[PDB]
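First, one chain by itself in structure tokens, the form deposited without the named molecule.
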């Protein structure tokens, strides 16, 4: 089936993965150097072996395409993927007036009412970002995120480069270019960044009227992150193809450090006992063509009949 490369990744990490201590005190089994490809003409690579929130993938990607770096857009779509990063900055601000929250991440998973107080403050934060325009501007703007890196790379002249916009331009005018690359890695920001881009860079490639993309991911969470990561870029591939009047080719996923957290072993094992079902199909708004102006309703997912979702503790 279409998602086999993923399941094979999970299998391989379990059999050949070597224990490796990471940024957190919850071990990982890891491998270095891996590549898998998905033929987008066969279907959309959204895991059927477990329910994955396509809505979240769609909203986050549109956020990226808009060159947006403010969490407000995500909150307006019931998408809380980046909340922690904004909250992090808010709590450490000289304007924060509430319970400590030092290292909220680690502490939330082990404390009773603390997690309740944390959730309470987070709820306030979200509501504030949503209604106080001044607040959203100061604490809702993450600054250096994919949207900014893809569409507003800061130069030395003080100007900004719309990498993605320029590459799409290059695809239409020079489809046979071997430099259709967009990088999210900036050496001058990386030394002092909470989390340097995981999705380091990607490259488009046109052949026989088909568009393909290769993503180089430096670090990946096999269980929780990868299923989303695959969907995000396979979707990107479709959108860019859609705008450039091309058909979809393949999505090539290359990994640096691919790792599985120990507290996910049982969860990955049970998923491996499920049999994949036919992959879903993706439909895009035929009339709309400027993917940058795309909206939620312009992307439709069809025939997605997955197995129930699998819950697993996050690494913090």
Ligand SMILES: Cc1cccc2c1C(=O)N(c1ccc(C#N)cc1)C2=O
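Positions refer to the first chain, counted from 1.
Annotation for 217-225 versus 68-76: the higher mean temperature factor (C-alpha) is found in 68-76. Mean CA temperature factor is higher for 90-98 when stretches 90-98 and 165-173 are set side by side in the entry. Sorting 269, 288, 253, 51 by the CA temperature factor given in the entry leaves 288 at the top. Taking the PDB entry at face value, the top CA B factor among 143, 196, 158, 187 belongs to 158. Ranked against the other modelled residues of its chain, the C-alpha B-factor of residue 192 as given in the entry falls in the highest third.
In this PDB entry, the Cα temperature factor of residue 149 sits in the middle third of its chain's modelled residues. Placement of the Cα temperature factor of residue 278 within the chain: middle third of the modelled residues, per the deposited record.
The PDB entry assigns residue 81 a C-alpha temperature factor belonging to the middle third of its chain's modelled residues. Residue-level temperature factors show residue 119 in the highest third of its chain, judged at the C-alpha atom.
The same protein also has a form solved in complex with the named molecule, omitted here; what follows describes it.
Picking from 131-139, 234-242, 154-162, 218-226 the stretch near the named molecule in the deposited complex, with a 4.5 Å limit on heavy atoms, gives 218-226. The single contact residue among 120, 100, 84, 166, judged by any heavy atom lying within 4.5 Å of the named molecule in the deposited complex, is 84.
Contact check for residue 314: a non-hydrogen atom falls within 4.5 Å of the named molecule in the deposited complex. For the chain shown alone, residue 60 is a contact residue for the named molecule in the deposited complex, at least one non-hydrogen atom being within 4.5 angstroms.
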